[PDB]
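Enquirer: I'd like to ask some things about the structure below.
Number of protein chains: 4
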Amino acid sequence: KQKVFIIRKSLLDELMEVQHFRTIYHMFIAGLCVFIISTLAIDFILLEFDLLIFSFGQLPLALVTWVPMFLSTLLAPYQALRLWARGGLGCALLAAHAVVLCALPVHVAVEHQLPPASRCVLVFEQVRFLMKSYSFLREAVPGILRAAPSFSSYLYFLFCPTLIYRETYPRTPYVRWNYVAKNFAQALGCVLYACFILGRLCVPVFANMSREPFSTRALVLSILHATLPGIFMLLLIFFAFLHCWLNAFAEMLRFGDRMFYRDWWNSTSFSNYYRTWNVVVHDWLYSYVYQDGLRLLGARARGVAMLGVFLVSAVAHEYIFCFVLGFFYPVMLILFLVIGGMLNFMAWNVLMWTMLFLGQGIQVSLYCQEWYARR
Amino acid sequence: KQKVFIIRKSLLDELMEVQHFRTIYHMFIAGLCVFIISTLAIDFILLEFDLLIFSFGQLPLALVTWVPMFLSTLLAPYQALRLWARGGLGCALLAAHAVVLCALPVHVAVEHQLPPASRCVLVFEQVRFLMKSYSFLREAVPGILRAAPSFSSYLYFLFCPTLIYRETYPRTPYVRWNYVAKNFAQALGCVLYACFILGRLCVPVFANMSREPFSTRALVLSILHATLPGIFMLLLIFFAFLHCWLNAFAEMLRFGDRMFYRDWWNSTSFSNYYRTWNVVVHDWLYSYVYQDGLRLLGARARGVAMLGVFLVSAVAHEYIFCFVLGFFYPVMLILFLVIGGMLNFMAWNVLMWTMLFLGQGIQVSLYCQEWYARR
Amino acid sequence: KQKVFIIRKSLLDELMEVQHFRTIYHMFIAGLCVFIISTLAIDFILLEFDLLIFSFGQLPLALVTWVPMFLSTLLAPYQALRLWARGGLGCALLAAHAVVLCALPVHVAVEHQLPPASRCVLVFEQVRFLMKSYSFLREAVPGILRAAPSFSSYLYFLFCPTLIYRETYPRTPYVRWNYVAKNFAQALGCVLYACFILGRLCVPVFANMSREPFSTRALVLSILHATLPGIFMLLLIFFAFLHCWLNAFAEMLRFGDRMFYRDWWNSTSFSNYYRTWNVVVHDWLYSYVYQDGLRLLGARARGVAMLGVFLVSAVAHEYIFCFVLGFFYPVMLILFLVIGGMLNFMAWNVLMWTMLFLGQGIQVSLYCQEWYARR
Amino acid sequence: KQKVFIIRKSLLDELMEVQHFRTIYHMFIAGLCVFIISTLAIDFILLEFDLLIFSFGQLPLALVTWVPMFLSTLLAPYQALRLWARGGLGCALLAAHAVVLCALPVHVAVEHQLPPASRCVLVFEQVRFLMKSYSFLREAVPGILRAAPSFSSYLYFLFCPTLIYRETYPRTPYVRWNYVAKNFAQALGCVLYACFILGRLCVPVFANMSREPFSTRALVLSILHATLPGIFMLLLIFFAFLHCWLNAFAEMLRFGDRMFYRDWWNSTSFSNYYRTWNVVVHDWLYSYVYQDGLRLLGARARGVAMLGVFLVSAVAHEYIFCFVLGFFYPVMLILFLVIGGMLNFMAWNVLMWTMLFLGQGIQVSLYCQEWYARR
Ligand SMILES: CC(=O)OC[C@@]1(C)[C@@H]2C[C@H](OC(C)=O)[C@@]3(C)Oc4cc(-c5cccnc5)oc(=O)c4[C@H](O)[C@@H]3[C@@]2(C)CC[C@@H]1OC(C)=O
Ligand SMILES: CC(=O)OC[C@@]1(C)[C@@H]2C[C@H](OC(C)=O)[C@@]3(C)Oc4cc(-c5cccnc5)oc(=O)c4[C@H](O)[C@@H]3[C@@]2(C)CC[C@@H]1OC(C)=O
Ligand SMILES: CC(=O)OC[C@@]1(C)[C@@H]2C[C@H](OC(C)=O)[C@@]3(C)Oc4cc(-c5cccnc5)oc(=O)c4[C@H](O)[C@@H]3[C@@]2(C)CC[C@@H]1OC(C)=O
Ligand SMILES: CC(=O)OC[C@@]1(C)[C@@H]2C[C@H](OC(C)=O)[C@@]3(C)Oc4cc(-c5cccnc5)oc(=O)c4[C@H](O)[C@@H]3[C@@]2(C)CC[C@@H]1OC(C)=O
Ligand SMILES: CC(C)CCC[C@@H](C)[C@H]1CC[C@H]2[C@@H]3CC=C4C[C@@H](O)CC[C@]4(C)[C@H]3CC[C@]12C
Ligand SMILES: CC(C)CCC[C@@H](C)[C@H]1CC[C@H]2[C@@H]3CC=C4C[C@@H](O)CC[C@]4(C)[C@H]3CC[C@]12C
Ligand SMILES: CC(C)CCC[C@@H](C)[C@H]1CC[C@H]2[C@@H]3CC=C4C[C@@H](O)CC[C@]4(C)[C@H]3CC[C@]12C
Ligand SMILES: CC(C)CCC[C@@H](C)[C@H]1CC[C@H]2[C@@H]3CC=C4C[C@@H](O)CC[C@]4(C)[C@H]3CC[C@]12C
Ligand SMILES: CC(C)CCC[C@@H](C)[C@H]1CC[C@H]2[C@@H]3CC=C4C[C@@H](O)CC[C@]4(C)[C@H]3CC[C@]12C
Ligand SMILES: CC(C)CCC[C@@H](C)[C@H]1CC[C@H]2[C@@H]3CC=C4C[C@@H](O)CC[C@]4(C)[C@H]3CC[C@]12C
Ligand SMILES: CC(C)CCC[C@@H](C)[C@H]1CC[C@H]2[C@@H]3CC=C4C[C@@H](O)CC[C@]4(C)[C@H]3CC[C@]12C
Ligand SMILES: CC(C)CCC[C@@H](C)[C@H]1CC[C@H]2[C@@H]3CC=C4C[C@@H](O)CC[C@]4(C)[C@H]3CC[C@]12C
Ligand SMILES: CCCCCCCC/C=C\CCCCCCCC(=O)O
Ligand SMILES: CCCCCCCC/C=C\CCCCCCCC(=O)O
Ligand SMILES: CCCCCCCC/C=C\CCCCCCCC(=O)O
Ligand SMILES: CCCCCCCC/C=C\CCCCCCCC(=O)O
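Okay, structure coming up:
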């Protein structure tokens with residue numbers, strides 16, 4: 100099987116036309132309005153803009169380092185393919207663009223001492239460009255195993278909200294500029310929501326870990342106290358970056374099949390959650406690691422490949438965090454792995478939800494402790 | 100107009116057959132499961153059963169005081185009507207046995223020093239019996255203005278989840294004992310949820326008001342800190358007592374028109390919220406105070422009657438709280454009245478939601494302050 | 100008259116298909132190859153990359169200041185028009207976007223001490239956005255004098278290589294990505310050519326003005342010595358930025374009428390030179406200042422309007438330089454004005478060419494003297 | 100094959116009817132006008153006539169030595185042919207009067223100490239007369255191998278701008294005295310241009326070689342500094358002497374086939390440059406050395422003959438310079454030979478252009494060094 104693209108609509112958008120979800124959405128903006136009013140009234144007797157101005161420290165440098173990587177991934181893979189499919199150098203040149211968007215985004219991140227948020231930008235624009243600079247290549251190589266795709270398609274592909282290089286991409290009539298304006302306004306409102314959640318419900322609880330005790334009561338009640346910013350951070354990450362950001366960019370570009378996420382909130386088991394959360398990266402990962410795995414290995418055993426894919430995902434995410442916060446502290450992978458082992462060796474939706482809540486609680490707690498015991 | 104009863108089903112129940120609301124519902128039970136696991140793990144190194157055992161102090165006395173009340177409202181109204189509609199003493203009987211249900215529930219509440227939760231029972235039961243006893247009378251009197266309803270109907274009426282005496286009451290085929298068992302299980306799970314919210318997120322913040330400062334920063338940040346238990350208390354009150362309790366009792370009795378609440382969460386303006394929140398008491402109140410008001414006054418001016426009804430509601434609710442917590446501190450009525458004045462003299474749904482959030486925040490904050498500065 | 104757009108080709112491109120111009124072009128790249136070989140061989144016993157790394161000092165800041173101005177000019181004028189043509199605020203809001211891309215690009219240029227080359231960027235992206243944010247407005251207002266243009270057209274307009282808002286823009290079949298790659302390669306080769314010309318034939322002659330004499334022989338022979346970098350700077354500015362840059366951007370966007378310049382090298386008189394050099398800004402300037410001048414003034418006298426337009430151009434260019442090099446030294450305007458006066462009071474192509482050569486010679490000489498006597 | 104003459108017109112003249120080349124031509128006269136104005140203004144606070157008056161020292165002697173030469177080549181070849189084709199002394203006469211034009215122009219050049227420019231006259235005139243006297247003879251001898266051309270034709274031939282004796286010479290209707298006046302005016306303007314280039318951009322840089330260092334940096338940067346007078350000297354030599362001088366003399370005489378040069382500026386390879394630069398001497402040289410070589414040798418190997426011809430040309434040119442500047446310093450032949458070897462053992474137009482630029486740069490540099498280290 101290979102994924103085939105339809106003119107289906109982002110699931111939450113086809114829900115939001117129902118009234119009750121317009122209500123829930125309104126309740127959440129009301130939540131923001133209470134936070135802004137209360138914080139404005141307190142800090143009057150200025151705002152928590154400090155986390156923003158601190159976290160985006162050298163954002164200028166972070167973007168002028170985004171340009172070289174973008175130009176590398178735009179030119180190097182295409183020229184590699186076009187010249188390599190002309191009978198060369200191509201077997202090397204592909205190497206350089208392996209080493210330029212692998213070495214540069216670390217050198218400018220460590221040697222210049224960037225903050226967390228202005229660093230994550232580059233982290234994400236070296237595990238994008240490998241995912242595509244490789245997707246594109248492995249898609250358009252088996253066309254040349256016949257004993265050169267249109268460039269305009271490859272340019273369009275680098276910005277298109279999917280990681281699969283299909284060069285068809287079913288498109289929509291026109292650009293609803295009102296809709297994209299709304300989506301960006303929501304995405305920026307979402308960043309401001311996250312700014313408040315951190316600056317109000319994370320920093321105050323976690324600042325005082327210089328405290329001597331390290332009593333297990335104190336730690337476990339810190340975990341329970343921190344589980345809620347955990348879930349709102351997840352819901353915000355999800356909503357903004359998988360509904361607002363990719364729809365906005367799928368409306369500027371007139372893209373179809375905007376199923377970037379299936380309803381993960383209905384995922385009975387855990388694997389279903391992981392398949393239906395961030396479906397774009399899942400589909401890239403699924404396609405390449407689970408239809409080159411079962412092809413090259415040709416293994417009747419598939420469970421090996423399921424866990425194979427998922428540890429590839431876990432290792433990638435652990436690396437992302439190990440880079441952003443500048444630690445080597447791999448909590449998430451140990452959690453995912455150990456309970457992976459637990460459920461796979463030894472109404473059902475609720476157990477998944479509870480374990481996801483504690484997953485979030487543990488990750489946020491230990492990462493705040495590590496960020497405020499390394500400073 | 101007079102309200103007429105159909106075999107419609109409780110709006111949230113017709114929503115819960117949709118999958119995404121089964122998910123939200125599951126997320127909330129997962130919330131409970133996290134609280135029980137974390138609290139069990141913390142109190143291990150017993151539970152917060154103390155608030156329950158304290159709050160239900162003389163619950164035996166609270167119920168053996170409920171019995172005289174129930175017998176008074178069962179017998180006195182009917183015997184009065186039956187003898188009064190036989191041409198007497200009825201005019202004296204009702205007036206003399208309107209005091210038992212008015213005097214007794216205060217005498218056993220103040221002179222015996224009951225806790226809050228074991229007192230609110232008798233508060234709700236005295237207002238409940240006043241409401242539906244008077245309803246019954248004023249419904250069945252104009253039948254006698256002709257120059265005696267079946268008793269079994271009146272007995273059934275006292276337990277029926279409506280306050281309007283219609284003596285038709287469209288009924289359902291049979292009793293789904295699985296469904297009522299589920300609804301009571303949810304209602305009791307809801308009480309346990311409220312027990313955790315109080316014992317974990319209200320008592321700790323509000324215990325230390327013996328603190329001298331009374332600094333406006335401290336108070337306003339306590340209000341913001343307390344706005345969230347406020348909203349969960351409201352949602353729990355609503356869900357348990359207007360969907361679980363009255364559906365359970367509307368399934369044991371085989372009642373129709375289970376529209377005890379319209380979608381208040383879609384109420385654009387405030388009046389709409391008040392008309393569509395606790396629709397049962399609204400409809401009683403609406404019918405009697407707004408179709409005896411506009412009849413006896415015969416006033417072309419109706420806005421007077423709108424505010425008339427709403428201050429009747431506010432005064433009743435203020436009285437309920439003034440009784441339960443044993444204060445004379447009327448915060449809610451001042452808030453409702455003042456912003457009533459504000460909006461009625463001087472996407473729109475969001476403003477209502479934000480002001481409801483702060484309404485909850487102020488009420489919970491000041492009532493916790495008053496309960497822990499009167500003790 | 101109003102300018103109307105045809106599918107004509109950039110004049111130099113329709114010349115370059117002739118062979119002899121491919122030769123001249125090749126001679127000039129050979130010139131670059133000699134410079135790179137000779138400088139590489141000298142500096143071996150590294151390169152003149154110092155002028156580049158110095159001149160682009162805070163280029164990150166220069167671009168993250170480009171983003172706010174771009175967003176201001178994108179949103180403010182359109183919203184102003186759309187709401188103003190709905191019967198307001200619009201009469202103010204237009205003011206803010208007057209003050210944001212007028213105040214910000216000075217504040218970030220002076221208060222942060224930017225170099226020359228990283229400053230000119232912002233200079234040019236505040237006399238672009240006024241030229242358009244005003245062109246667009248004054249085009250689409252007389253449509254509303256009838257007692265709202267498509268936004269997509271306005272977005273496309275901000276990047277389109279013309280300053281006239283026509284919202285038709287005759288377009289070409291497809292994108293010749295080979296051609297745009299070639300044009301950008303030439304534009305970057307051109308920047309490198311200018312880098313060599315400065316770092317080899319300007320800095321060495323002009324560095325030693327700390328020298329006491331100020332003898333008129335020394336100055337006049339410095340002027341003759343510097344007249345040649347003057348002409349190559351002009352030819353490079355012209356070729357790269359009016360043939361390479363705007364063709365590249367007119368090929369990515371599929372734009373017609375690429376007559377950004379007529380053959381100014383054939384301009385018999387001076388006015389003809391100014392009309393046929395940078396025809397895009399000329400046509401904006403021509404249209405607005407010479408078809409609102411002769412409309413509002415309604416003056417039978419037009420010579421006044423000719424000089425009117427040209428002093429508007431001169432003042433704008435003087436301001437550009439007064440900003441970039443951070444001087445108040447207005448040499449160009451005095452030269453243009455005085456010889457303007459000279460020829461307009463008191472084979473012919475050659476005189477124009479000679480006076481252009483000395484114009485370049487004087488400007489480059491005095492600006493190098495001023496930059497190395499203010500440092 | 101033997102070259103056959105058509106009524107084609109000098110390629111640059113058929114280009115100059117196009118407007119853009121009238122512009123380039125005008126730019127160059129403007130260059131002269133800037134030089135004359137700037138030098139007049141500098142030497143005011150007389151001109152560089154000193155190089156002219158010095159370089160043309162004994163020009164009277166140089167011309168009264170030209171007369172005996174011209175009379176020898178006019179009479180000796182013809183009388184020899186006429187008497188030799190009468191059956198004698200001719201075999202002795204020519205051999206005895208081939209020494210007058212070989213011995214005299216050296217004796218009057220060395221024994222009288224002439225300057226460079228007044229000497230080059232006699233150099234060119236001795237090689238010119240050798241070339242066309244021998245041409246005439248070897249053309250009109252095989253007519254006598256039959257077991265006497267009209268003299269007027271031979272007189273006309275000595276002044277005709279070709280070196281091939283064809284005695285047909287397709288002629289034009291009339292003498293455009295305006296055109297010849299223009300061409301001589303340009304040729305004299307060209308000499309004045311070369312006078313300025315030497316007196317302004319060669320003498321100053323090269324005067325100070327008495328300087329001790331002989332540092333390789335100093336020499337190599339002198340080569341780069343001197344490459345530009347090199348190219349303008351070449352372009353001037355070419356333009357004046359191959360378009361102005363020979364057209365002027367081809368218009369006074371009413372000559373056809375004025376293709377004295379093909380477009381060498383389009384020569385892809387080097388051999389093409391040498392075949393299409395100074396086509397008149399090339400055609401003489403080609404015809405005699407490459408259609409007596411391949412006749413007498415009868416060699417299947419032709420590459421030998423290609424290099425044969427070219428070293429004949431190189432040796433002749435080396436001799437010309439060895440005579441004019443009075444050195445024995447053969448730089449040009451070593452350069453031509455070595456890179457000949459380089460390319461013939463071990472868009473393409475650009476490499477030729479770059480190597481031509483450095484060829485000019487090296488020749489001018491080393492010849493200025495040798496002229497100012499031998500004085
Ligand atoms: C340290 C950091 O930067 O994370 C920020 C944060 C919000 C992330 C954002 C992250 O978003 C990204 C980059 O994907 C997300 C959502 O992504 C993963 C990935 C996996 C996973 C998936 C497949 C296989 N193996 C592991 O497990 C998870 O539960 C989650 C978590 O929920 C996280 C978190 C929400 C957990 C709470 C975190 O907050 C802090 C301060 O620590
Ligand atoms: C002191 C007490 O016993 O209240 C318990 C509590 C939960 C109540 C339950 C109550 O439930 C009842 C008895 O109806 C409810 C919901 O009912 C009203 C009534 C009116 C109202 C309506 C019409 C006219 N005038 C006023 O406005 C409100 O927002 C609310 C509030 O939300 C409250 C509260 C939720 C506010 C927060 C409170 O918590 C504490 C500790 O103070
Ligand atoms: C100081 C600076 O940044 O200029 C750089 C430089 C290259 C500019 C670039 C500039 O390019 C721009 C911004 O337009 C350009 C070409 O634009 C004008 C404009 C007018 C003019 C036009 C109409 C009315 N009034 C005056 O007069 C001119 O001759 C020229 C000149 O040639 C200049 C120059 C080439 C003169 C030599 C300069 O070099 C130095 C170091 O001083
Ligand atoms: C020393 C001298 O008198 O030369 C004057 C000068 C201008 C000559 C004029 C000369 O003009 C003549 C006599 O033909 C010319 C152009 O002719 C040749 C001949 C060959 C050649 C051709 C075939 C085979 N082998 C060698 O290669 C060349 O590039 C060139 C050069 O460019 C030169 C020069 C331009 C080089 C620069 C020189 O300036 C100085 C001061 O040294
Ligand atoms: C712009 C600011 C206010 C951010 C708003 C975030 C809100 C609108 C987004 C973010 C996460 C989203 C929620 C995440 C998933 C679910 C579970 C599903 O069973 C009901 C919808 C619901 C509850 C979504 C509703 C919309 C949502 C709440
Ligand atoms: C709440 C405070 C810390 C603000 C946090 C700012 C960071 C975490 C947010 C704000 C804007 C977001 C970025 C904007 C869009 C992109 C481009 C995409 O290709 C990769 C993710 C990335 C780079 C986002 C990652 C998360 C992000 C960087
Ligand atoms: C039994 C325990 C877990 C209590 C469960 C409480 C949950 C299931 C009840 C109580 C209050 C209810 C919510 C109150 C009103 C709204 C707003 C509406 O736009 C979406 C549904 C939603 C969000 C309801 C869903 C169900 C709900 C959340
Ligand atoms: C969270 C802690 C304080 C538990 C609170 C217990 C109280 C507030 C709850 C638990 C059971 C509830 C009662 C059960 C049912 C009835 C009968 C009805 O006719 C009036 C309301 C009344 C009397 C409810 C009022 C609220 C109630 C008394
Ligand atoms: C890429 C590097 C080498 C820059 C190249 C610059 C060259 C190719 C460009 C820049 C300026 C241009 C010249 C400016 C104007 C003229 C005058 C005209 O009558 C002939 C063409 C000519 C001479 C142009 C030819 C092409 C040109 C010389
Ligand atoms: C020779 C050395 C000093 C390098 C000079 C770099 C400067 C002068 C060059 C290099 C790139 C050029 C810029 C690139 C493109 C633009 C965008 C356009 O909308 C305004 C002009 C502007 C901003 C150019 C101005 C001149 C420029 C800034
Ligand atoms: C009389 C004075 C000013 C001397 C004038 C010299 C000028 C007019 C002559 C001398 C050498 C000639 C140039 C040499 C060869 C080329 C290369 C060709 O691809 C374009 C024409 C061009 C550029 C010629 C144009 C005319 C030219 C520049
Ligand atoms: C720039 C300064 C040095 C002036 C140079 C003067 C010399 C180099 C110039 C000026 C006039 C030219 C001469 C005029 C015409 C002829 C006759 C021809 O049959 C041989 C070449 C010859 C003899 C020319 C050679 C070069 C020449 C001698
Ligand atoms: C495990 C790592 C997760 C990586 C997340 C990748 C995000 C989705 C990837 C590609 C589609 C995004 C295209 C639109 C964003 C353009 C923004 C930009 O280029 O700056
Ligand atoms: C303003 C005060 C609000 C009063 C709330 C009244 C609740 C609804 C009234 C009557 C229907 C309830 C019938 C089912 C409960 C019977 C419980 C019992 O008798 O113990
Ligand atoms: C007198 C000031 C001269 C201003 C020069 C203006 C240049 C021409 C103006 C607009 C067309 C340019 C459009 C293409 C450039 C896009 C570059 C960018 O947005 O960064
Ligand atoms: C290699 C040496 C180059 C020799 C260059 C020869 C120049 C061309 C030869 C003959 C045609 C010239 C005829 C016109 C000039 C006559 C001048 C005169 O007699 O004074």
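Residue numbers (UniProt numbering), protein chains in the order written: chain W, 100 to 144, 150 to 191, 198 to 257, 265 to 463, 472 to 500; chain G, 100 to 144, 150 to 191, 198 to 257, 265 to 463, 472 to 500; chain A, 100 to 144, 150 to 191, 198 to 257, 265 to 463, 472 to 500; chain Y, 100 to 144, 150 to 191, 198 to 257, 265 to 463, 472 to 500.
Don't be surprised by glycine CBs; every beta carbon is placed ideally from N, CA and C.
#1: Three-state secondary structure (DSSP) at residue 146/W?
#2: Quick test of your reading: residue 225/Y and residue 159/Y, contact by CB under 8 Å. State the CB separation rounded to the nearest angstrom.
#3: Taking one C-beta from the region 448-456 of chain W and one from the region 418-433 of chain W each time, how about it: are there three or more such pairs within less than 8 Å?
#4: Does ligand 4 have a heavy atom nearer than 7 Å to the CB of residue 442/Y?
#5: Between 362/A, 107/A, 153/A and 497/A, which lies nearest to residue 314/A when the distance is taken from Cα to Cα?
#6: Can you list, in chain order, the residues of its chain whose CB lies under 8 Å from that of residue 439/G, leaving out five sequence neighbours each side?
#7: What's the call for residue 105/Y, buried or exposed, on a 16-neighbour Cβ count within 10 Å?
#8: Which residues of chain A have a Cβ atom closer than 8 Å to the Cβ of residue 268/W, listed in chain order?
#9: For residue 397/Y, go through chain A and note every residue whose CB falls closer than 7 Å to its CB, in chain order.
Expert: The answer reads as follows:
#1: For chain W, the structure lists 144 followed at once by 150, and that leaves residue 146/W out of the model.
#2: As a position in the fourth sequence, residue 225/Y is number 115, starting the count at 1. As a position in the fourth sequence, residue 159/Y is number 55, starting the count at 1. Yes, residue 225/Y and residue 159/Y are in contact; Cβ-Cβ is about 5 Å, under 8 Å.
#3: Flag = yes, the region 448-456 of chain W and the region 418-433 of chain W touch.
#4: As a working note, residue 442/Y is residue 325 in the fourth sequence. For residue 442/Y, the shortest C-beta to heavy atom distance toward ligand 4 is below 7 Å.
#5: On the third sequence, position 197 is the one that residue 314/A refers to. The candidate whose alpha carbon is nearest that of residue 314/A is 153/A.
#6: Position 322 of the second sequence, counted from the first residue, corresponds to residue 439/G. A distance below 8 Å between beta-carbons, with the five flanking residues on each side excluded, links residue 439/G to the following residues of its chain, in chain order: 445, 446 and 447.
#7: Residue mapping note: residue 105/Y aligns to position 6 of the fourth sequence, counting from 1. The Cβ neighbour count for residue 105/Y, taken over all protein chains shown within 10 Å, is under 16; the residue is labelled exposed.
#8: In the first sequence, counting from the first residue as 1, residue 268/W sits at position 151. Neighbours of residue 268/W on chain A, chain order: 294.
#9: Taking the fourth sequence and counting its residues from 1, one reaches residue 397/Y at position 280. Per Cβ cutoff of 7 Å: no residues; residue 397/Y is ~22 Å from chain A at best.
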